[PDB]
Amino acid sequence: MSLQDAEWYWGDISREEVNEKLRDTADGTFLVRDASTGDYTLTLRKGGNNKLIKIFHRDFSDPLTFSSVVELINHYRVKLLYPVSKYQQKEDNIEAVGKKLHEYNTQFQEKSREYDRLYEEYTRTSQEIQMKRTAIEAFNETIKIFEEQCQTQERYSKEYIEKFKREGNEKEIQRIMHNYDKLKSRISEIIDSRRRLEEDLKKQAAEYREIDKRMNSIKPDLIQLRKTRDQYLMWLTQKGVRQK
């Protein structure tokens, strides 16, 4: 019962570092640290929450019946099941740890710069797809109107086609059908422009799915790279001269 060399005692580490350690952990996971204010704060994982249970000393409760911290923790070890050990588990010296840190920090910035790039493409592509969907909904409405114009021309011209055929005015009949040709050919241009956009959107939708796939692939590899980098840094901080 050393109480300093103990695995669950982390000493000078903040509440936020504790929250990172107890993230998604099972009920009964715990660790002890120096208070944020000597005094000691025990943090216990219960009901997806991290409970802070303060440790008092004068010689936790109204009468402090425990001699040392280990005796209090072990008595309860709603039960103190899984302790967060200070055993992460490579290089013995400082020249080797630094050379590895530099290797990982280099990898971390390249992956991070690549992720950022991917994210700009993700955002650009999402926006473009939204732009195309609005434009297709606008072509849809445009075609309806142009088709309604055919219906109107038909509705009207039928009575005039008879009235001009009985009058033998072949020149005027040709005028009306030249207009109908102009109208129907325009609807063809609008329909094919909608068609070209629908295939442009189909391709871009696929390109979005591929960017999304690539980002879900690098996100955990980037997180782990940062975790190892931060670990080598902490090791180098610890295995070096420390003071104010």
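Heads up, when I say rigid core I mean the largest set of C-alphas that superpose within 1.5 Å between the two forms. Residues carry their position along the shown sequence, with the first being 1.
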Outlying stretch relative to shown form, 154 to 162 versus 110 to 118 in 8 other deposited structures of this protein, C-alpha RMS (core) = 154 to 162
Between 172 to 180 and 195 to 203, larger RMS Cα displacement in 8 other deposited structures of this protein after core fit = 172 to 180
Count class of deposited residues lacking coordinates, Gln89 to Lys90 = 4 to 9
Please figure out whether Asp59 and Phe60 are truly consecutive in the deposited sequence or have unmodelled residues between them, and give none, 1 to 3, 4 to 9, or 10 or more.
-> 4 to 9
Of the two stretches 193 to 201 and 50 to 58, which shows the higher Cα B-factor on average in the entry?
-> 50 to 58
Is the mean CA B factor in the deposited entry higher across 132 to 140 or across 159 to 167?
-> 159 to 167
Which one, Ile94, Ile73, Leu118, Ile145, has the peak C-alpha temperature factor per the PDB entry?
-> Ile73
Note to self: of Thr65, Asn179, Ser188, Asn216, the C-alpha temperature factor tops out at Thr65
Tell me, lowest, middle or highest third: where does the Cα B factor of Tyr208 rank within its chain?
-> lowest
Please rank the C-alpha B-factors of the chain's modelled residues and tell me whether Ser112 sits in the lowest, middle or highest third.
-> lowest
Ranked C-alpha temperature factor of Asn105 among modelled chain residues, by third = middle
